[PDB]
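Okay, structure first, notes after.
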Amino acid sequence: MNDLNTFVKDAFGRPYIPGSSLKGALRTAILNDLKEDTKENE
RNA sequence: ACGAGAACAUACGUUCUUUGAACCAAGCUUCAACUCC
């Protein structure tokens, strides 16, 4: 009935949000033009 | 009964002296620990 998923923590065991997460969020927000933006978008 | 007989082209002597396989150059670029029920 219980299966816990915990938050990401650094080596000191004190949590933080990595910057790749926020860049993924802003990339999802910016890319509301057409889905043509590949892995060499400047 | 030879323009012949006898006679080492031999002795000595460092392929050696000086000389950076160097100079320049981000293991980096783009990525949501995630979706479904």
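Here's how to read the names in the structure tokens: chain A, B, ... by the order shown, residue numbers from 1 in each chain, ligand numbers from 1 in the order shown.
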
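Counting only C-alpha atoms (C1' of nucleotides), every residue of chain A that comes within 6 Å of chain B is listed here: residues 21, 24, 25, 39 and 40 of chain A.
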
Residues at most 10 Å from residue A:6, counting only C-alpha atoms (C1' of nucleotides), excluding those fewer than 3 positions away in the same chain, as a ChimeraX atom specification?
/A:3,9,15

Requested write-out: N, CA and C atoms of the selected residues, as a JSON list (two decimals), in the first residue's frame:
[["chain", "number", "residue", "atom", "x", "y", "z"],
["A", 3, "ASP", "N", 4.74, 2.70, -1.27],
["A", 3, "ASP", "CA", 5.93, 2.62, -2.11],
["A", 3, "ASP", "C", 6.39, 4.06, -2.33],
["A", 9, "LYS", "N", 18.53, 14.46, -3.69],
["A", 9, "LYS", "CA", 19.38, 15.13, -2.74],
["A", 9, "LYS", "C", 20.81, 15.01, -3.22],
["A", 15, "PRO", "N", 18.23, 18.44, 0.25],
["A", 15, "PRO", "CA", 17.68, 18.43, -1.12],
["A", 15, "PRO", "C", 17.82, 19.76, -1.85]]

Looking only at alpha helix (DSSP H) from DSSP on the backbone, list the matching residues of chain A as a PyMOL selection string.
chain A and resi 19-30

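Excluding residue A:37 itself and same-chain residues fewer than 4 positions from it, the residues having an atom within 12 Å of it are residues 27, 28, 30, 31, 32, 33, 41 and 42 of chain A; 30 of chain B, counting only C-alpha atoms (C1' of nucleotides).
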
Next, write the just-selected residues to a file, as a PDB file, in the first residue's frame, keeping N, CA, C and O atoms (P, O5', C5', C4', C3', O3' and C1' of nucleotides) as the atom set.
ATOM      1  N   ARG A  27      12.417  24.764 -21.475  1.00  0.00           N
ATOM      2  CA  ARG A  27      12.469  24.344 -22.867  1.00  0.00           C
ATOM      3  C   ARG A  27      11.091  23.910 -23.340  1.00  0.00           C
ATOM      4  O   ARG A  27      10.666  24.252 -24.448  1.00  0.00           O
ATOM      5  N   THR A  28      10.356  23.205 -22.476  1.00  0.00           N
ATOM      6  CA  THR A  28       8.963  22.876 -22.755  1.00  0.00           C
ATOM      7  C   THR A  28       8.115  24.139 -22.890  1.00  0.00           C
ATOM      8  O   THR A  28       7.217  24.210 -23.738  1.00  0.00           O
ATOM      9  N   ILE A  30       9.317  27.279 -23.828  1.00  0.00           N
ATOM     10  CA  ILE A  30       9.757  28.016 -25.008  1.00  0.00           C
ATOM     11  C   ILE A  30       9.327  27.351 -26.311  1.00  0.00           C
ATOM     12  O   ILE A  30       8.915  28.050 -27.248  1.00  0.00           O
ATOM     13  N   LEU A  31       9.299  26.022 -26.364  1.00  0.00           N
ATOM     14  CA  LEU A  31       9.120  25.318 -27.628  1.00  0.00           C
ATOM     15  C   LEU A  31       7.679  25.257 -28.109  1.00  0.00           C
ATOM     16  O   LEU A  31       7.363  24.385 -28.917  1.00  0.00           O
ATOM     17  N   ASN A  32       6.805  26.175 -27.695  1.00  0.00           N
ATOM     18  CA  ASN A  32       5.452  26.197 -28.242  1.00  0.00           C
ATOM     19  C   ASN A  32       5.359  26.897 -29.595  1.00  0.00           C
ATOM     20  O   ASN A  32       4.300  27.435 -29.926  1.00  0.00           O
ATOM     21  N   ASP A  33       6.445  26.941 -30.357  1.00  0.00           N
ATOM     22  CA  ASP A  33       6.338  26.866 -31.800  1.00  0.00           C
ATOM     23  C   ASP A  33       6.179  25.397 -32.207  1.00  0.00           C
ATOM     24  O   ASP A  33       5.865  24.524 -31.391  1.00  0.00           O
ATOM     25  N   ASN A  41      19.644  23.234 -32.000  1.00  0.00           N
ATOM     26  CA  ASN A  41      19.033  24.551 -31.933  1.00  0.00           C
ATOM     27  C   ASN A  41      19.931  25.504 -31.156  1.00  0.00           C
ATOM     28  O   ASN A  41      20.375  25.202 -30.047  1.00  0.00           O
ATOM     29  N   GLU A  42      20.187  26.670 -31.741  1.00  0.00           N
ATOM     30  CA  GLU A  42      21.148  27.603 -31.171  1.00  0.00           C
ATOM     31  C   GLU A  42      20.602  28.377 -29.981  1.00  0.00           C
ATOM     32  O   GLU A  42      21.370  29.084 -29.324  1.00  0.00           O
TER      33      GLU A  42
ATOM     34  P     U B  30      24.815  22.858 -24.605  1.00  0.00           P
ATOM     35  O5'   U B  30      23.432  22.252 -25.081  1.00  0.00           O
ATOM     36  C5'   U B  30      22.882  22.641 -26.325  1.00  0.00           C
ATOM     37  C4'   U B  30      21.964  21.586 -26.863  1.00  0.00           C
ATOM     38  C3'   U B  30      21.074  20.918 -25.841  1.00  0.00           C
ATOM     39  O3'   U B  30      19.939  21.693 -25.538  1.00  0.00           O
ATOM     40  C1'   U B  30      22.023  19.290 -27.272  1.00  0.00           C
TER      41        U B  30
END

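Coordinates place atom CA of residue A:19 at a distance of 22.8 Å from atom CA of residue A:35.
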